[PDB]
Amino acid sequence: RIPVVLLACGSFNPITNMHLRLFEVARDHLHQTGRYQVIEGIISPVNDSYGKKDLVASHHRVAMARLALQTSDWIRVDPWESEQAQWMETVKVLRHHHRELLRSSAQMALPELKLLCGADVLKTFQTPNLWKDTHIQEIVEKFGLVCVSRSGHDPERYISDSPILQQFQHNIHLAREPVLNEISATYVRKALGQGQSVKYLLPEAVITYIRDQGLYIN
Amino acid sequence: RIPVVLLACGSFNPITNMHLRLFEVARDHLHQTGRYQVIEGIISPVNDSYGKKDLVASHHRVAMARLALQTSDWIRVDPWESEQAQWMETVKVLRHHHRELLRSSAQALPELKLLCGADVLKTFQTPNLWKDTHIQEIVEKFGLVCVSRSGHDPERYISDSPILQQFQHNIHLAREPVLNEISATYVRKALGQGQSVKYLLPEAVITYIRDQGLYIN
């Protein structure tokens with residue numbers, strides 16, 4: 001009933017089959033509750049400001065995400081966060097896309113914008129950078145979390161061990177289906193650096209881009 | 001070094017990104033040992049005589065495997081096993097393909113090894129098989145490349161069978177995690193429920209399944 005947009009923040013360094021699968025599982029879960037209609041997915045790669053030494057330039061990560069999504073009919077990459085001239089907090093990215101969602105919807109209930117993350121975020125509060133204490137309440141309260149759990153994640157204990165999460169747990173949606181694609185970008189970077197295969201862990205066009213551009217080779 | 005062919009037998013009902021990942025991990029492992037040169041991979045779907053209720057017709061399973069292998073330059077699907085009049089034990093499939101390997105001459109003696117996950121390795125060591133002569137022929141004459149599936153202990157499987165223990169030196173344990181922990185059983189259940197299996201299978205396989213109306217209740 002409620003139209004919803006799923007925003008995924010993170011380094012996407014590189015994007016993998018895990019990140020794409022997260023969108024699919026989350027959309028199925030929200031549709032399965034009966035109360036939501038998922039309209040769009042947004043992949044928002046992190047800004048280069050103060051980035052880790054292993055973080056490749058943002059125009060590469062945007063290009064790889066675009067190649068990864070050419071078989072998707074509902075997820076798009078938005079480079080706005082990465083184009084900003086400063087360090088960006090996730091809550092400000094959500095505010096920006098929420099505003100542009102309210103604008104676009106007026107031209108065509110009112111839509112909602114939710115942050116898509118793994119269950120580990122409920123313990124870590126990093127997407128990919130540690131959120132400020134004063135921003136956690138706004139993210140879980142005004143937007144909400146759609147959490148997909150990898151093996152070994154325990155979202156209900158994470159929510160128990162956090163008073164702010166418990167306070168507003170009604171805006172945290174725990175998807176039930178497993179991720180199965182247990183593929184961190186860290187593993188892919190290590191494998192690439194050691195010359196090991198990453199075929200079938202990320203789309204072939206991303207692998208081709210990585211080789212052509214010489215990324216992730218030490 | 002010695003040329004090696006990897007053979008995977010199974011239902012492939014449907015093939016998933018897990019099966020293809022297994023081949024890549026196995027080839028990297030063998031190459032890393034320094035003693036082997038992997039020249040080919042063979043996917044061999046099971047005969048329909050086998051025949052559980054949810055086993056789709058072998059024509060479709062080898063069609064889907066062929067579509068999945070379009071982007072591979074070294075793994076092929078061989079429908080020989082599925083075209084025989086009767087189901088065959090794995091060891092007879094190994095015998096057949098080993099003969100084919102020898103006949104395509106030799107660049108030593110090429111070797112043919114069976115590729116499996118640790119869950120199949122588990123099926124080789126239950127106590128009814130501790131004296132089985134086919135299991136022994138598999139590990140003595142061909143050998144095994146085992147890719148570890150999270151939550152399995154291949155070393156204890158090896159130690160619990162006297163046959164596997166005796167021929168442990170022809171059982172190769174790949175170290176890299178599979179990561180694509182995707183069962184065909186999950187995929188069928190999700191397809192029957194209308195759930196997404198995108199990014200769990202090659203896109204052309206999902207398209208074939210949709211176009212053919214497979215796995216729908």
Side-chain angles (χ1 to χ4, degrees), chain A residues 17 20-21 23-29 31-32 70-75 175-181 199-201 203-204, chain B residues 7-23 41-72 75-88 90 93 115-117 119-120 149 178 180-217:
Chain A
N17 287 171
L20 310 157
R21 165 77 172 159
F23 277 95
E24 298 287 322
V25 170
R27 175 172 72 169
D28 279 349
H29 167 82
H31 284 176
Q32 168 258 21
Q70 51 202 0
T71 67
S72 182
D73 57 18
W74 67 285
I75 314 169
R176 197 65 41 199
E177 293 293 331
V179 180
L180 303 183
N181 284 345
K199 210 182 204 304
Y200 314 108
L201 301 186
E204 207 60 50
Chain B
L7 164 69
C9 290
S11 293
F12 301 95
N13 184 39
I15 190 169
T16 78
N17 290 347
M18 187 272 289
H19 300 110
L20 305 162
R21 167 73 169 160
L22 290 195
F23 276 95
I42 302 175
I43 288 188
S44 181
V46 77
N47 193 280
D48 290 315
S49 305
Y50 195 71
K52 280 154 198 87
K53 160 205 175 211
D54 320 74
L55 188 63
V56 152
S58 70
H59 170 87
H60 292 306
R61 289 181 287 108
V62 312
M64 291 185 296
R66 207 174 276 114
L67 289 164
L69 290 173
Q70 291 179 291
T71 59
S72 184
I75 311 164
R76 60 175 171 94
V77 62
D78 198 316
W80 176 85
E81 175 183 0
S82 70
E83 286 165 347
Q84 303 315 291
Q86 193 98 294
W87 172 86
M88 293 200 151
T90 308
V93 185
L115 176 59
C116 55
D119 45 336
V120 152
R149 307 283 326 272
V178 51
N180 281 347
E181 301 263 346
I182 304 157
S183 65
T185 312
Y186 178 88
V187 167
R188 298 194 298 276
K189 186 207 38 66
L191 289 162
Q193 282 161 358
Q195 298 173 304
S196 170
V197 295
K198 213 193 212 292
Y199 313 111
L200 308 184
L201 265 66
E203 201 58 45
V205 178
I206 301 176
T207 293
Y208 186 90
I209 288 170
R210 173 193 322 119
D211 291 350
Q212 295 278 349
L214 297 177
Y215 303 114
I216 294 317
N217 300 333

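For the numbers below, each heavy atom of this structure counts, side chains included, while hydrogens, waters and symmetry mates do not. Residue numbering restarts at 1 for every chain, and letters A, B, ... go by the order of the sequence lines.
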- Query: Quick one: does B:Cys9's side chain get under 4.5 Å of B:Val46's, heavy atoms only?
  - Reply: no

- Any donor and acceptor pair, going by atom type alone, linking the side chain of B:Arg21 with main-chain N or O of B:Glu181 inside 3.5 Å? no

- Message: Are the side chains of B:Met18 and A:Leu180 in contact, using a 4.5 Å heavy-atom criterion?
- Response: no

- Which distance, rounded to the nearest 0.5 Å, do you find between the OG of B:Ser183 and the CZ of B:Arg149? 7.5 Å

- Closest contact, heavy atoms only, B:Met64 versus B:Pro14: CE-CB, 3.8 Å

- Task: Return the minimal non-hydrogen interatomic distance between B:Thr16 and B:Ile182, and the atom names on each side.
- Result: OG1-O, 3.6 Å

- Looking at B:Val197 and B:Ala190, what are the two nearest heavy atoms and their distance? CG1-CB, 3.7 Å

- Query: Side chain of B:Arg61, backbone of B:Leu55: donor and acceptor closer than 3.5 Å?
  - Reply: no

- Roughly how far, to the nearest 0.5 Å, is the CD atom of B:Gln212 from the NE2 atom of B:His59? 6.5 Å

- Decide yes or no on side-chain contact (heavy atoms from CB on, under 4.5 Å) for B:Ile43 and B:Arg76, but give the supporting numbers first. CA-CA 6 Å; B:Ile43 288 188; B:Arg76 60 175 171 94; over 6 Å; no

- Query: What pairs with B:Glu81 under side chain to side chain donor-acceptor pair (under 3.5 Å), at least two apart in sequence or on another chain?
  - Reply: B:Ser44

- Angle class for the B:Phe12/B:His19 ring planes (parallel below 30°, perpendicular above 60°, tilted otherwise)? tilted

- Item | Residues B:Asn13 and B:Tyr215: side-chain donor-acceptor under 3.5 angstrom | yes

- Rounding to 0.5 Å, atoms NZ (B:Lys198) and CD1 (A:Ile75) come to a distance of 8.0 Å

- Shortest non-hydrogen contact from B:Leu214 toward B:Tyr208: CD1-CE2, 4.1 Å

- Task: Indicate yes or no: at least one non-hydrogen side-chain atom of A:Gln32 is less than 4.5 angstrom from one of B:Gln195.
- Result: no

- Message: Using 0.5 Å steps for rounding, measure from the CD atom of A:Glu24 to the CG atom of A:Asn17.
- Response: 11.5 Å

- Of all heavy-atom pairs linking B:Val178 and B:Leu22, the shortest is CG2-CD2, 3.8 Å

- Query: At their closest point, which heavy atom of B:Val77 faces which heavy atom of B:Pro79, and how far apart are they?
  - Reply: O-CD, 3.8 Å

- To the nearest 0.5 angstrom, please state how far the CG atom of A:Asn181 sits from the OH atom of B:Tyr199. 10.5 Å

- Pair B:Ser11, B:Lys52: side-chain N/O donor-acceptor within cut-off below 3.5 Å: no

- Please walk me through it: do B:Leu191 and B:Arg188 pass side-chain contact (heavy atoms from CB on, under 4.5 Å)? CA-CA 5 Å; B:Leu191 289 162; B:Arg188 298 194 298 276; 5.7 Å; no

- Task: Return yes if some donor-acceptor pair links the side-chain N/O of B:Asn47 with the main-chain N/O of B:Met88 below 3.5 Å, else return no.
- Result: no

- Quick one: do A:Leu20 and A:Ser72 satisfy side-chain contact (heavy atoms from CB on, under 4.5 Å)? Show the steps, please. CA-CA 9 Å; A:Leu20 310 157; A:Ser72 182; over 6 Å; no

- Between B:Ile209 and B:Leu201, is any pair of side-chain heavy atoms under 4.5 Å apart? yes

